[PDB]
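Asker: Got a structure here, written out as structure tokens. Questions coming.
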Amino acid sequence: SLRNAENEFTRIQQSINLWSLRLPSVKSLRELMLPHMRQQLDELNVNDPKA
Amino acid sequence: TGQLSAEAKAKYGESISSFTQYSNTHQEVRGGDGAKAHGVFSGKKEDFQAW
């Protein structure tokens, strides 16, 4: 009788990083938002939770 | 006058082999640019110089 077994596994990870973008969360940021998005936000009838 | 011959023979063999290899490597680079930084993982001097 003969029994012969092999197992093999590899894992590789590679990562590259390049520049990060940050946004300061100042109050004037609302003025930079797209107008159709802005009116969509402030037309939200928050009296309806489903909305 | 009678003749008898008897023989018994037995042989047994067992053999076991095991092999195990494990490798781990971790590399990290900061600064330069990330694309050249990935080049140092070649381990090749010109790419290290390029970083």
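FYI, nothing fancy with the structure tokens labels: chains A, B, ... in order, residues from 1 per chain, ligands from 1 as they appear.
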How close does chain B get to chain A? List, as a tab-separated table, each residue of chain B within 8 Å, its nearest atom pair and the distance in Å to one decimal, counting only C-alpha atoms.

Answerer:
residue	atom	partner	partner_atom	distance
B:33	CA	A:18	CA	7.4
B:34	CA	A:16	CA	5.5
B:35	CA	A:16	CA	6.9
B:38	CA	A:16	CA	7.0

Asker: As a list in words, please: every residue in chain B that DSSP puts in helix (DSSP H, G or I).

Answerer: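 DSSP-assigned helix (DSSP H, G or I) residues in chain B: residues 34, 35, 36, 37, 38, 39, 40, 41, 42, 45, 46, 47, 48, 49 and 50 of chain B.
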
Asker: Any idea what the distance is between CA of residue 41 in chain B and CA of residue 27 in chain B?

Answerer: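 Between CA of residue 41 in chain B and CA of residue 27 in chain B the gap works out to 7.3 Å.
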
Asker: Just give me the gap between CA of residue 22 in chain B and CA of residue 47 in chain B in Å, one decimal is fine.

Answerer: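 Atom-to-atom, CA of residue 22 in chain B to CA of residue 47 in chain B, that is 27.4 Å.
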
Asker: Just how far from CA of residue 26 in chain B is CA of residue 20 in chain A, in Å to one decimal?

Answerer: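 Computing it gives 23.5 Å between the two atoms.
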